[PDB]
Structure formats: structure tokens, C-alpha cells
Amino acid sequence: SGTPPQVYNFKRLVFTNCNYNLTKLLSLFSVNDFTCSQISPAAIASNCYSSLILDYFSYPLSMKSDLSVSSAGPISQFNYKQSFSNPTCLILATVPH
Amino acid sequence: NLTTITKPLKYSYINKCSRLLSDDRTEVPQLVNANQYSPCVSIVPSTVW
Amino acid sequence: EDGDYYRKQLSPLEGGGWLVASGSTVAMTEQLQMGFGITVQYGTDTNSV
Amino acid sequence: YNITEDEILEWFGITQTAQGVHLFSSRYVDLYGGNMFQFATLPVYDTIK
Ligand SMILES: *[C@@H]1O[C@H](CO)[C@@H](O[C@@H]2O[C@H](CO)[C@@H](O[C@@H]3O[C@H](CO)[C@@H](O)[C@H](O[C@H]4O[C@H](CO)[C@@H](O)[C@H](O)[C@@H]4O)[C@@H]3O)[C@H](O)[C@H]2NC(C)=O)[C@H](O)[C@H]1NC(C)=O
């Protein structure tokens, strides 16, 4: 809902003690990039976790390689860095037709 | 007044050891037994650098 | 637009001087592509996600 | 290790214990019966699986 912000003004949603289901969320997703830093991509919706913090933003697939922590570009410099000590995931999706 | 025994390069131990399965979201615990060895030693060399 | 210079004044208690930045733009493609950063935690809260 | 040859039934026992690997044979004393007595205790380092 609404305009997704940019990668440096990423919109934070913290989820705790609520039910989430990616199968009802990924069913409307034309996901292009599906990677997960320091954790598996497939079992992200499977296991139970204490907290899930999800920052969503507008991010093209043309700038995809700056998403990683090991990247030295602008995104890992000044825009958004993911957690080293916590499991992390980078998903770039496209709007379905 | 003794030279038959020698000293190691430097002391070393393990500060983190557990198992991860194929799903890679849940951690399987590891515990040492009475003067035993966890399998984390199996990949650690003779001395940690 | 691409590479817009943005500046602000910082108090000497926080460090002082002038804080400057450049905001680049990668233009809209034929369809919107959005990015999700996901971070799960196992000990911060109640295990009910 | 040595043993003699026969056409009489016999048994052999293997087990692991923290002191070592116990090997049991009745060929030493109970040739005509058969029940397991230790002859060997191998100095193993860990427990096999
Ligand atoms: C297979 O071939 C072997 C030959 O290699 C053959 O062995 C023979 O077995 C008989 C039957 O056990 C033996 O006879 C024994 O003689 C001794 C005295 O020398 C006795 O003490 C024995 O008694 C034992 O068994 C009793 C129960 O049956 C016990 O209660 C008792 O306490 C004793 O322990 C027994 O009478 C014979 O000496 C051997 N011969 C040789 C050459 O080894 C065996 O019979 C063949 N068949 C099978 C099925 O193994």
C-alpha cells in the first residue's frame, strides 16, 4: 500500500507475536532477486522466530549487487546495511502485470 | 631444569560451536561429555591461528 | 535529479561543521522494482513470528 | 593374535566403553560351551558410531 520509499528511507515494520504467511504474500509477487545473507532463502517463512524486522523500499534490479554487506558501493556505505550478527535477506521484486 | 617437555605456539580454544541443518534457520545444540570432544574439533586444526 | 547536493548545519556538541551529501537517482524502469530487507531474530522477543 | 582351527560353533563379542574397545572370545576357555569373556581392551581415544 502506498509508494515504496527509497533504500535509505526504508520503511520499517517490526512483527512479533503475530501470524505471517509468505504463501499469501509471495503469491502476488513477481520476485526477480531472491537472496538471503548468512541464512537460507527457502526456509524464511518456515521456521518460527522471536522477531521479524522488514524494511521495504523501492529498489531496481539494475543496482542489485550493492545490496550485499560485502559491497563497497553507495548502498552499503550510506543507504542501508543489513545485520551481520542476525540472519538477513535481500528480495528484489517487480510489480505483476 | 628440564627440557624434555615443550611449549605450544599459543593457547587456543573454541568460543562458538553448534550444528546447522539443511533448512538453515534452526540451531542444533552441541555439548561436551566427560573429557570428550565435540565434532567442532574435527574441522578445527591442531592450533587455532 | 541525479546527484543533488544536500547540506545541513550540525551543532558542535554533535560534532559541528556542515553535513553534506549527494543523492543520486536511478530512473524508473518499465515496471516498479521494490526491495525488501528481512532480518529475523531468535532471542530478542517472544518466539511467535 | 593367534587362534586354533576347529569345526565347533563359537561366538565373538564387540563393544565400546570409555576405557576402550572390549573384544570378547570364548575360544580361550569355553570351547565346548560358549559365552563371552574378555581378552582384549583396545586403547581407543573416542567412541565410534
Ligand atoms: C561338529 O564337529 C565337532 C568336532 O570338531 C564335534 O565336536 C564334538 O562334540 C561333542 C559334544 O560336545 C564332544 O563331546 C564332549 O566331550 C567332553 C569331554 O571331552 C565333554 O565334557 C562334553 O560335555 C560338554 O557338553 C555338555 C552338554 O552337551 C555340558 O553339559 C558339559 O558340561 C560339557 O561342557 C561333551 O560330551 C566331543 O569331544 C567333540 N569332539 C571334538 C573332536 O571336538 C561336534 O559334535 C559337531 N557338531 C556340532 C553340532 O557342533
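Residues numbered from 1 in each chain as written, not as in the entry; some residues may be left out. Chains lettered and ligands numbered in written order. Part of a larger assembly, values for the part shown. Heavy atoms only, no water.

Method information in the entry identifies cryo-EM as the source of the structure, with 4.96 Å recorded as the resolution.

1. What to know about the side chain of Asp55(A)
All names here are of chain A. Where we set the bar: In this text, helices come from DSSP runs of H or I with a minimum length of four residues, and strands from runs of E with a minimum of two, each type numbered from the N-terminal end. Partly exposed residues are those whose accessible area sits between 20% and 50% of the maximum for their type, while under 20% is buried and over 50% is exposed, using a 1.4 Å probe and protein chains only. Counting rule for charge: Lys and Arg are taken as positive, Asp and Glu as negative, and neither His nor the chain ends is counted. Put simply, a salt bridge is a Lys or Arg side-chain nitrogen that is within 4 Å of an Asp or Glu carboxyl oxygen. We call two N or O atoms a polar contact when they sit within 3.5 Å, provided that within protein one can donate a hydrogen and the other can accept it, with sequence-adjacent residues counted only if both atoms are side-chain atoms.
Along the chain, the position of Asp 55 falls in strand 3 (residues 51-58). Buried charge without a partner: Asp 55 forms no salt bridge, and the closest opposite charge is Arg 12, 5.3 Å away. Polar side-chain contacts of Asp 55 include one of 2.8 Å to the side chain of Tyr 80.

2. Things to note about a nonpolar patch on the surface
Where we set the bar: Any residue with relative accessible area above 30% and no salt bridge may belong to a patch, with like charges joined within 9 Å and the nonpolar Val, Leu, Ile, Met, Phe, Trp and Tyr side chains within 5 Å. To measure how exposed things are, a 1.4 Å probe is used in the Shrake-Rupley method; for residues, cover is taken only from the protein chains shown.
A contiguous nonpolar surface patch, about 670 Å² in accessible area, is contributed by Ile14(B), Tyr37(B), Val41(B), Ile43(B), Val44(B), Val48(B) and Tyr45(D). Secondary-structure assignment places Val44(B) in the segment after strand 2 (27-28). The exposure class assigned to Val44(B) is partly exposed, which follows from its relative accessible area of 30%.

3. A closer look at the side chain of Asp66(A)
All names here are of chain A. What counts is decided by this rule: A contact between two residues is defined here by any heavy atoms of the two lying within 4.5 Å.
Within the element layout of this structure, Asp 66 appears in the loop between strand 3 and helix 1 (74-79). Buried charged residue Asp 66 carries no salt bridge. Nearest counter-charge: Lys 81, at 8.0 Å. Once you skip the residues sitting within four places of it in the chain, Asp 66 turns out to touch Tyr 59, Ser 71, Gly 73, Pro 74, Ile 75 and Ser 76.

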